[PDB]
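For reference, the structure is listed below as structure tokens.
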Amino acid sequence: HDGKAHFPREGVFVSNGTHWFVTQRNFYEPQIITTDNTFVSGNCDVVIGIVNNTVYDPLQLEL
Amino acid sequence: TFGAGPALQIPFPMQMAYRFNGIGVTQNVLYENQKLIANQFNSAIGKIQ
Ligand SMILES: *[C@@H]1O[C@H](CO)[C@@H](O[C@@H]2O[C@H](CO)[C@@H](O)[C@H](O)[C@H]2NC(C)=O)[C@H](O)[C@H]1NC(C)=O
Ligand SMILES: *[C@@H]1O[C@H](CO)[C@@H](O[C@@H]2O[C@H](CO)[C@@H](O)[C@H](O)[C@H]2NC(C)=O)[C@H](O)[C@H]1NC(C)=O
Ligand SMILES: *[C@@H]1O[C@H](CO)[C@@H](O)[C@H](O)[C@H]1NC(C)=O
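Rendered as structure tokens:
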């Protein structure tokens, strides 16, 4: 998202065919991908299997 | 997962990211060095014979 690669802080990224969520590994509880679920590390040109998606910023959605 | 119930599939590169988080190293270390780590494993396996 925006040229940056986001990895989950704890859990996995999953898709139900259409939408992308971030869930814990041992129990399916999907959640919206925000900047509190993920952490940024580097750019998108180095990870094999990266996908474009929207990572919602709580702060930028209010300010 | 197969030793504690049903066998749940998972891609091997993502499986190794789990096992890197189990030793205190973040998972972006693996995805950004995946080719190097793959070559180190293959070389280390070939030295056993
Ligand atoms: C994947 O999950 C999303 C989020 O729950 C689903 O989107 C909802 O789908 C229902 C049923 O079609 C709609 O009533 C809602 O309005 C949808 N919500 C949004 C925010 O779009 C989506 O349908 C799921 N996809 C599949 C293939 O099951
Ligand atoms: C970490 O160590 C590895 C393994 O020694 C380094 O990768 C080697 O880099 C040299 C050049 O410096 C190449 O000739 C070798 O082929 C590489 N090895 C493999 C297995 O790919 C790597 O550069 C080191 N990382 C650093 C110093 O940041
Ligand atoms: C979406 O992903 C493709 C690779 O699958 C990449 O080449 C492209 O630049 C991305 N598009 C955007 C808008 O980032």
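As they're listed, the protein sequences go chains A and B. Taken in order, the first sequence gives residues 1083 to 1145; the numbers are from the authors' numbering. Taken in order, the second sequence gives residues 887 to 935; the numbers are from the authors' numbering. A virtual CB, placed ideally from N, CA and C, is assigned to each residue, including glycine.
Residue pairing by DSSP leaves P897(B) without any beta bridge partner.
Listed in chain order, the non-local C-beta contacts of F906(B) below 8 Å within the same chain comprise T912, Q913, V915 and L916, local neighbours out to five positions each way being set aside. Residue contact check for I1115(A) against chain B: no CB pair falls below 9 Å. Looking at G889(B), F898(B) and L894(B), the one whose alpha-carbon comes closest to that of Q920(B) is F898(B). Put simply, the residues with a CB less than 6 Å from any heavy atom of ligand 2 are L922(B), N925(B) and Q926(B), in chain order.
Collapsing the DSSP output to three states places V1133(A) in coil. Taking a beta-carbon distance threshold of 9 Å, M900(B) counts as an interface residue toward chain A.
Residue state for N1125(A) is assigned as strand, using DSSP reduced to three classes. Within the stretch 1105-1130 of chain A, the residues whose Cβ lies closer than 7 Å to some Cβ of chain B are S1123, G1124, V1128, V1129 and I1130, listed in chain order.
Minimum Cα-Cα distance from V1129(A) among the listed residues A930(B), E918(B), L922(B) and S929(B) corresponds to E918(B). Residue side-chain check: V1128(A) keeps its Cβ at 8 Å or more from all non-hydrogen atoms of ligand 3.
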